[PDB]
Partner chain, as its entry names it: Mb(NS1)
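Starting off, we have a lone chain in the form solved without its partner chain, written out as structure tokens.
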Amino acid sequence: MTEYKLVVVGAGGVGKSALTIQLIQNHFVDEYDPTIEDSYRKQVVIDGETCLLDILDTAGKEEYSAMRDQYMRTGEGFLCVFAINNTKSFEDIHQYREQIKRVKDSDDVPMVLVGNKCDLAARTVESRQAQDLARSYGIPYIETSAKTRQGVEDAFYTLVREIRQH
């Protein structure tokens, strides 16, 4: 059985925990409890392969990002998440890409750009704008909703498929 270590990063409140919990536990977390560092593990069949997913849910709030670098070190793939109704979270994606490059000491790390909360209508980040950012990094852009489940499996499974190409 193959093991894939995934790490979810991004600004505070963009929905990292809700996305992970929807994927793993199949329910939507409506409340906002800031994360320090949590991990989830689950066996799933992806494209015919039985594998073990180890997902690290990291802190987005600066005050709670103590040794985030250390926890991310073993990550093999990263979901860089921003919220489509939070322009600042989109503009700060570069901060996370930089951190990933540092922790992995590589400019070629499996990643997927995720625009979460696509169920909301106060959109300030248009799809095309995010597609362009992802293109510059040479990675896929996928929109998700931890609330409706739209694109959730697609985002995580795509990250696995990206790890498989590296």
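Numbering follows the first chain given and starts at 1.
Stretches compared: 134-142, 66-74. Higher mean C-alpha B-factor in the entry: 66-74.
As the entry records it, the average C-alpha temperature factor is higher for 90-98, out of 90-98 and 76-84.
Looking at 30, 107, 57, 33, the one whose CA carries the top B-factor in the deposited record is 107.
Of the residues listed, 124, 43, 116, 26, the entry assigns the biggest Cα temperature factor to 43. Placement of the Cα temperature factor of residue 7 within the chain: lowest third of the modelled residues, per the deposited record.
Residue-level temperature factors show residue 1 in the highest third of its chain, judged at the C-alpha atom.
FYI, the form deposited with its partner chain bound isn't displayed, but the following is about it.
Proximity of residue 139 to its partner chain in the bound PDB entry falls within the 4.5 Å heavy atom cutoff.
Although the partner is absent here, residue 109 is not a contact residue: none of its heavy atoms lies within 4.5 angstroms of its partner chain in the bound PDB entry. Annotation for 145-163: interface residues with its partner chain in the bound PDB entry are 150, 151, 154, 158, 162 [heavy atom within 4.5 Å].
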